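2 protein chains.
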Amino acid sequence: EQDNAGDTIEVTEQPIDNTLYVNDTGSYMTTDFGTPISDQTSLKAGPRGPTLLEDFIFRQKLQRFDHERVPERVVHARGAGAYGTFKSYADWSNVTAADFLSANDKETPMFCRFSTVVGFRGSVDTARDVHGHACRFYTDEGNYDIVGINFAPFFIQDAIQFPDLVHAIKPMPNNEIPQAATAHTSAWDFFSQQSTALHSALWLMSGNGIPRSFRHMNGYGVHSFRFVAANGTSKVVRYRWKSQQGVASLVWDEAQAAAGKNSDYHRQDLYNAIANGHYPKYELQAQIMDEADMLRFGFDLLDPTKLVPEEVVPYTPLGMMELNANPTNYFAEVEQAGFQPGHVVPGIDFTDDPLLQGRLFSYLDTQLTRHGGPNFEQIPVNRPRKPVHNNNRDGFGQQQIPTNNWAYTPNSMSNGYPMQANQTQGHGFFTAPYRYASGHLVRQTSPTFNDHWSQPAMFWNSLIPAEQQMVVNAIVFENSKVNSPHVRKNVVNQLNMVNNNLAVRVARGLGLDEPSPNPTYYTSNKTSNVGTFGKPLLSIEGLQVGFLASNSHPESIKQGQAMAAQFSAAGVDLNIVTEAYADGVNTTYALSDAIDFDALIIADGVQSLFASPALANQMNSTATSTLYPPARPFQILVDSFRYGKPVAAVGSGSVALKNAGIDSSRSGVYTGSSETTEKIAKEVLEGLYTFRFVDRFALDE
Amino acid sequence: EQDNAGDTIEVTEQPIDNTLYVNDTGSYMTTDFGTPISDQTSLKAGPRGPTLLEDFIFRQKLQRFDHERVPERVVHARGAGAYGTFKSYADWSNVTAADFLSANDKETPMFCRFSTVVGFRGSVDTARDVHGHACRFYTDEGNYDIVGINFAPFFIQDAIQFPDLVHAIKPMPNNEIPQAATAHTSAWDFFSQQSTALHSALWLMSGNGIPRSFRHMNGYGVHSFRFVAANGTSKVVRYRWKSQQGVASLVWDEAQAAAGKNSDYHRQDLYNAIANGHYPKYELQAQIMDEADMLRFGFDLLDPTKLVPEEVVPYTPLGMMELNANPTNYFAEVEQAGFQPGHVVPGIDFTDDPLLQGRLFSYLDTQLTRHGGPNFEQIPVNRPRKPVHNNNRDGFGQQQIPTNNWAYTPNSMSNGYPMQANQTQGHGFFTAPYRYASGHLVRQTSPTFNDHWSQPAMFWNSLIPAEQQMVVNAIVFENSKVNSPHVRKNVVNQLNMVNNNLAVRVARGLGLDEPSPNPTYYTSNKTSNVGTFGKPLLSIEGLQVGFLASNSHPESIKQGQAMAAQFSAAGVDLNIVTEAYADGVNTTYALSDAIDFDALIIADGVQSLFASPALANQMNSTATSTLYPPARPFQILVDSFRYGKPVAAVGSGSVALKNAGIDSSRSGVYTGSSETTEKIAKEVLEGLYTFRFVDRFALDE
Ligand code: HEM
Ligand code: HEM
Ligand SMILES: [Cl-]
Ligand SMILES: [Cl-]
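Protein sequences, first through last, are from chains G and S.
Count the first sequence with the UniProt record's numbering and you get residues 30 to 730, in order.
Count the second sequence with the UniProt record's numbering and you get residues 30 to 730, in order.
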């Protein structure tokens, strides 16, 4: 660049302020251009006069405000994030050249966001939905994102259908009803006309659609990807994030109650858990398969509507992630984060999964919408941990200052920088070299993709009877909300290709004719770890206990408080509830509901709070408590029991149980005198692990 | 423009397609550039091959999809719209030169949007909140927008504080919790440190915060505006939209239930009412005051925290609006609509209200954010009904084609077009000519604005005892959710400057020390039409009745059906509810809740459905119905009664009432034999007008 005076360029770097995190301590307010200000009164022509155009303080403040909002994500708008770390279990170089997997105990920084799918930005956490599980590894060789969900299969087999699925499940276009729900004609029409959807539709109707929290679901990559070794050999892999807390879910009416009582239930759960030191963990696992396995198992590994059963190919544990810090600013870090499945690193490659292939286009393009311009990767949360060097330039919102004035390749002026990186130098990305294609250029679906029903059948067989009833109840609920009889009937006919018992039970729920067995795709096969009831949690850290006490019986508070040490030691929060705040009280009846607690304990001597609605109704007007709605304590109890949660009662607390028709002989009901509270606590710990007592759920066939 | 050949310009208008409403009937799918396509399979290198970059069909479809979203409104994101018409009661030219008010029976097209304030796009309709009431008159002299709310006063006195109020009430910035709610430290901190907020805070805690529907609230302009007559004389006016349905509201726990059962409760209500021919009406009214009235009434008419009591200045009816059509496409017409208080027409002017003055800047600027460019008024819903002519040009998304090549004033080339319009020619806008200012250029608040407490006191005195209890319960609920004791105490102290009884009751609810009377700002004054309980509705059209029946007692359905004619004739929807769809059934237990009905009727012979939760709990597992959660029918009944709704029972239905502890002697409880169903219906019509039976609500002091 310097064989002459003209092309020789003097660089003078200016001492520009380079703040990242903003710290207000000690400061006076300034404009964005650094002039010290107050911001509390408009400049006016006299104190009762009109506001002046020259009040630039007013205009800069309101212009910022008027422009705060950005487009939400077209899908997964409602979500929450956290930072963490990932530790490799091994040097995996034998199967992948990926750097974050290259050594035992190698640690990589992480950022993840969890979300629903269909609802808009402020929709209810406990909507029935798919849930996103999207994690970025900030590796030494680039940001690697696994952008997954809590179900193993997806609804469709080609990315070109994605706007069809999404418009179908989103609110109707004429009136934007209903919010965050598939319970409408268009969605079930789509799922029944596009029968690839059945597998994921069953997942959605199961407890998987309504998880207890982000900490109590698994994550799946869904698609086949490739691990590529340094020498070019590849393996076909499928990812699972196995929650180290375990898998647990709500029941529908409980998910509804939670939506109305605490729309922030899952984001609050994640925030509180991290803030309280109960850091959620998920183990990265992969089914590591050979190229020869593409069609071996009787379905196609390119097909995203199909899971590989653990019993056919086991999951190999790769390493452990932990999320251990909350974001500092939600808008800056969470709202602006843009995950992309095309954010790959050397040692990872794609497959010809037609669903995956289109996602690679879509996510890069969509980042423009939400960020207003092309420099979205420059936002701090999206930056790689090492500095970027390439010949990309300019664009709205450019906050870097390139010094390489020869921004093209090949050139003879820049000393070869930046250098081309590839398989054999600079740890460059490379497509797996044995990949091959051969064929006409076709817009045709592979016939290997044609079985839409067998895997739905396996999934059904994989659920305990209580959760099978839950699926029926959900399908019946959603298809009763569907307004079109012909769609209802199409759904039944589709379900009958999956399992006759399922379809008959649904048709009965809908008041429709019962179909007859259609055995073509039926199977008795089943797989494990795809249900959400009947298997206990692996950790009860960060779960909640509600201890129902009264200010009118002061010893009840003290009884609550003496149990607190035991729960604290298990990482369980004990919440003492009374009518109103007082010494030792944590929360109140008026603020409380069953959904707020994972187990409930009734204190000794407070039985009189637990009047049934019928009793409440006699004495109305005067001398009924104003401090909470009529029969609130009773309702918390009855709801907790109905939902399947452990309930305990100390002393005369058992009177409350009887009032509620709860026999002390039921599973997950613990009783004891005031002298045995220590043992009652440990039984509650026991019940928290079991989590739900499914013997309480009504069964049909 | 043509005294020479060079400046003479040939205009050739091209036959360009000019579709507005899109009609698909008969058509093949095409790209946006008109090439006929299919859109169901990606183009691949072989049927199991990778997707090709040259598949432009895939890319155009996903690029559209990837870019569907736009920024939501910074406030009032959650809302719903409808078209209608406005009829003037008179020629009002004696007080205003406004054209839409210039003749008896003069009709003007309308479009309105109603909304909450704090929640984001998909937040729950029944959040406790301010509600927007924003209406556009498409006049012959421009689009006139009244951008109002359902409360008479606003929280702050200067527009520069608007981002402070909004950041305070919106979710916290670190974690974006909580959604659509003021129940957190920051909001109550703001309301207590910025004590102007007390008036609107009391409105918010009343039933006004939780209306039954958009049809059952009023609208207020809040600010003083001016009517300006042709000759320059002005009047100071305040607007009210008086609902012709009447004012009705929910109770808090009911608003919560509705949020979890039907997040679309208000938008669905409005959509259904219009679709069913029950068109909501609101009468435009104005307090028409003299310039001399600015300080006469012991507060300042420039002050938006102050209402003028109807008893001091009556509302003059101006005309009647009716909303009579749903939008065709929600995104195009509702989401994109941009109302602005600066959208004024000749005969309307502003005042020096410092809150109003800033809104004039803010709304014009904010339209850029949501529309991506400056041509937001070109969107169909924002267009005036007559063609625009001005010298504004260009900008993103320009879909017009100007023919005037001399786009500046003054010029000698364009034949004087377009002509300047003013007070005396072309019906031009004009500022009211007697307006005057005089003063230093000051950033100071007017001392006339200093009384923050007297009007809050009047408002409190204006509520029936039951709604006063509702305010206390709300304040106590929200301030129990506030995590900061010092903020709780500040709120109490502020409330004690308003009314000692109010403050003592709140402090009791919060477990705080009771303050002592602080009489400086106390008053016994009261005003009418500012409460939401204790005054019946004026129309029951579009309200809902739930008729609880059973498939296991088939005559119950027929009993329901024979009542339907009477409800239909009142414009009331009768919904027959059973376990599952069948001949004559409208909805199901599993889909139903108390919030779905405004009155409940229990059929003869179905009492066995109405088992209490206690009874449900005995027989669990087998032979409990799978068709709805345990004790769902009972819960609907108990909830309806608790909320204050009319309930009726035919025949042995009274057994259900007894089970629920509801005596047939209570107000708003109707019973009769199977032979008197006609009379039972008319009593239910009676109860619908009364709407809520406040004798059921617990009272304190
Ligand atoms: C296996 C199937 C899929 C999974 C597991 C998946 C996963 C996800 C996740 C987890 C998010 C949220 C990321 C975040 O938290 O910010 C997301 C967003 C998105 N997805 Fe998907 N997705 C799938 C299929 C598709 C398909 C086929 C397309 C389109 C071709 C697509 C387009 C999008 C878009 C446009 C976004 C918005 C991203 C943004 O604005 O940053 N997805 N997806
Ligand atoms: C008397 C007090 C006020 C009332 C009655 C009021 C009313 C409303 C209403 C009804 C909307 C929703 C319009 C729609 O449905 O699209 C709205 C939006 C808005 N308001 Fe206000 N407002 C008030 C105070 C303010 C103040 C002081 C400011 C700022 C200086 C402000 C800024 C905004 C903005 C930026 C929007 C978004 C508008 C859009 O994106 O189109 N408001 N307001
Ligand atoms: Cl492949
Ligand atoms: Cl003025």
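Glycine residues also receive a C-beta, built at the ideal position from the N, C-alpha and C atoms.
Could you tell me the alpha carbon to alpha carbon distance between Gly575/S and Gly571/G, rounded to whole angstroms? Within the second sequence, the letter at position 546 stands for residue 575/S. Within the first sequence, the letter at position 542 stands for residue 571/G. One alpha carbon belongs to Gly575/S, the other to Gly571/G, and they sit about 42 angstroms apart.
Determine, for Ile377/S, whether the minimum Cβ-Cβ distance to residues of chain G falls below 8 angstroms. What you label residue 377/S is simply residue 348 of the second sequence in a count that begins at 1. Output row for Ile377/S: interface = no.
Cβ-based neighbour list, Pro546/S, same chain, cut-off 7 angstroms, excluding 5 preceding and 5 following: The residue given as residue 546/S occupies position 517 in the second sequence. Within the same chain, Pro546/S has close Cβ partners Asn529.
Could you give the residue range of the alpha helix (DSSP H) that holds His228/S? As a working mapping, residue 228/S is identified with position 199 in the second sequence. Per DSSP, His228/S belongs to the alpha helix (DSSP H) from 227 to 234.
Report the CB separation of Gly289/S from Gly177/S in whole angstroms; it is logged as a contact under 8 angstroms. The residue labelled residue 289/S in the question sits at position 260 within the second sequence. The residue labelled residue 177/S in the question sits at position 148 within the second sequence. So it is not a contact: roughly 29 angstroms between Cβ atoms.
Beta strand (DSSP E) segments (min. 3 residues) lying fully within the segment 621 to 645 of chain S: Look at the segment 621 to 645 of chain S and you find these whole runs of beta strand (DSSP E), each 3 residues long or longer: 628 to 631.
Measuring only from the beta carbon, is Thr395/S closer than 7 angstroms to any heavy atom that is part of ligand 2? As a working note, residue 395/S is residue 366 in the second sequence. For ligand 2, at least one heavy atom lies less than 7 angstroms from the Cβ of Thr395/S.
Distance cutoff 8 angstroms, beta carbons only. Does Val265/G sit that close to anything in chain S? Along the first sequence, one-based indexing puts residue 265/G at 236. Not one chain S Cβ lies under 8 angstroms of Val265/G.
Just checking: is the beta-carbon of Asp134/G within a distance shorter than 8 angstroms of some beta-carbon in chain S? Residue numbering aside, residue 134/G sits at position 105 when the first sequence is read from its first letter. No, no contact with chain S.
Among the candidates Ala259/G, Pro79/G, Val667/G, whose CA atom is the shortest distance from the CA of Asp128/G? Mapped onto the first sequence, residue 128/G falls at position 99. The residue with the shortest Cα to Cα distance from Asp128/G is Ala259/G.
Below 6 angstroms CB to CB, which residues in the same chain sit around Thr398/S once its five sequence neighbours on both sides are set aside? One-based indexing of the second sequence puts residue 398/S at position 369. These residues qualify, in order along the chain: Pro100.
For chain G, is any of its Cβ atoms less than 8 angstroms away from the one on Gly424/S? Reading the second sequence from its first residue, position 395 is the one you call residue 424/S. Judged by the 8 angstroms Cβ criterion, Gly424/S is not in contact with chain G.
Would you call the segment 601 to 610 of chain G and the segment 555 to 564 of chain G touching, i.e. three or more CB-CB distances under 8 angstroms? Output reads no: the segment 555 to 564 of chain G does not touch the segment 601 to 610 of chain G.
Let me make sure I understand the geometry here. Which of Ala188/G, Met323/G, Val520/G, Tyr308/G has the alpha-carbon closest to that of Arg255/G? Stepping through the first sequence from its first residue, residue 255/G is reached at position 226. The option with the nearest alpha carbon to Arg255/G is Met323/G.
With a threshold of 7 angstroms, establish whether the CB of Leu331/G neighbours any heavy atom of ligand 3. Locating residue 331/G in the first sequence gives position 302, counting from the first residue. Yes, the Cβ of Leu331/G comes within 7 angstroms of a heavy atom of ligand 3.
Which whole-angstrom value describes the C-beta separation of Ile586/G and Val614/G, a residue pair presumed to lie in contact below a C-beta threshold of 8 angstroms? As a first step, residue 586/G is located in the first sequence; it is residue number 557 there, counting from the start. As a first step, residue 614/G is located in the first sequence; it is residue number 585 there, counting from the start. Right, the Cβ-Cβ distance comes to about 6 angstroms (below 8 angstroms), so this counts as a contact.
Tell me whether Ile178/G counts as near ligand 1, meaning its Cβ is closer than 7 angstroms to at least one heavy atom of that ligand. In the first sequence, the residue the question calls residue 178/G occupies position 149. Because some heavy atom of ligand 1 lies under 7 angstroms away, the Cβ of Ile178/G counts as near it: yes.
If we ignore side chains and look at the alpha-carbon of each, how far apart do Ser443/S and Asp120/S end up? The residue given as residue 443/S occupies position 414 in the second sequence. The residue given as residue 120/S occupies position 91 in the second sequence. Near 37 angstroms, if we compare the C-alpha coordinates of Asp120/S and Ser443/S.
Between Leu231/S and chain G, is the shortest Cβ-Cβ distance under 8 angstroms, so that the two count as touching? As a position in the second sequence, residue 231/S is number 202, starting the count at 1. Chain G contact via Cβ: absent.
With respect to the beta strand (DSSP E) encompassing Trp270/S, which residues constitute its N-terminal and C-terminal limits? For the purposes of this step, residue 270/S is taken as the residue at position 241 of the second sequence. Here the beta strand (DSSP E) through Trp270/S covers 263 to 272.
CB of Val417/G within 8 angstroms of CB of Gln365/G, strictly: Here residue 417/G refers to the residue found at position 388 of the first sequence. Here residue 365/G refers to the residue found at position 336 of the first sequence. In this structure, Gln365/G does not lie closer than 8 angstroms to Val417/G by Cβ.
Can you give, in chain order, each stretch of the alpha helix (DSSP H) that sits fully within the segment 165 to 231 of chain S and has at least 4 residues? 191 to 198, 214 to 222
If you compare alpha carbons, which of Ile665/G, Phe670/G, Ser637/G is closest to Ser654/G? Here residue 654/G refers to the residue found at position 625 of the first sequence. Of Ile665/G, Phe670/G, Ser637/G, the smallest CA-CA separation from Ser654/G is found for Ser637/G.
Determine, for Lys510/G, whether the minimum Cβ-Cβ distance to residues of chain S falls below 8 angstroms. Counting from one through the first sequence, the residue named residue 510/G turns up at place 481. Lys510/G counts as touching chain S.
Where do the ends of the beta strand (DSSP E) carrying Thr137/S lie? As a first step, residue 137/S must be located in the second sequence, where it is residue number 108. Note, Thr137/S: beta strand (DSSP E), 136 to 144.
Counting C-beta neighbours from all protein chains within 10 Å, is the total for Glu39/S 16 or more, i.e. buried, or is it exposed? For the purposes of this step, residue 39/S is taken as the residue at position 10 of the second sequence. Under this definition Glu39/S is an exposed residue.
So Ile586/S is in the alpha helix (DSSP H); what residue range does that whole segment cover? Stepping through the second sequence from its first residue, residue 586/S is reached at position 557. Its alpha helix (DSSP H) spans residues 583 to 591.
Using C-beta distances below 7 angstroms, list every residue in its chain close to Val505/S, excluding the 5 sequence neighbours before and after it, in chain order. Taking the second sequence and counting its residues from 1, the one referred to as residue 505/S is at position 476. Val535, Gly538, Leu539, listed in sequence order.
Assuming the contact rule is C-beta atoms closer than 8 angstroms, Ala685/G and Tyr699/G should be a hit. Round their C-beta distance to whole Å, please. Working through the first sequence from its first residue, we reach residue 685/G at position 656. Working through the first sequence from its first residue, we reach residue 699/G at position 670. With a Cβ gap of about 13 angstroms, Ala685/G and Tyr699/G do not count as contacting.
Going by the DSSP bridge assignment, what does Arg102/G pair with across the sheet? What you label residue 102/G is simply residue 73 of the first sequence in a count that begins at 1. For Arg102/G, which the question treats as bridged, DSSP gives no partner whatsoever.
Those runs of the alpha helix (DSSP H) which lie wholly inside the segment 34 to 98 of chain G and span at least 4 residues: 85 to 95
Report the rounded CA-to-CA distance for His245/S versus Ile624/S, giving the unit in angstroms. Your numbering for residue 245/S matches position 216 in the second sequence. Your numbering for residue 624/S matches position 595 in the second sequence. Going from the Cα of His245/S to the Cα of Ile624/S covers about 16 angstroms.
Three or more C-beta pairs closer than 8 angstroms, one from the segment 289 to 301 of chain S and one from the segment 326 to 343 of chain S: is that the case here? no
Supposed close pair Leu352/S, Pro413/S - CB separation, criterion 8 angstroms: Stepping through the second sequence from its first residue, residue 352/S is reached at position 323. Stepping through the second sequence from its first residue, residue 413/S is reached at position 384. Between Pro413/S and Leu352/S the Cβ distance is about 20 angstroms, and since that is not below 8 angstroms, they are no contact.
Residues of chain S with a CB under 9 angstroms from the CB of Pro207/G: which are they? Translated into the one-based positions of the first sequence, residue 207/G becomes position 178. Here the neighbours are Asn291, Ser292, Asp293, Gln297.
Would the segment 153 to 165 of chain S and the segment 174 to 192 of chain S be scored as touching if the rule is three or more Cβ pairs under 8 angstroms? yes
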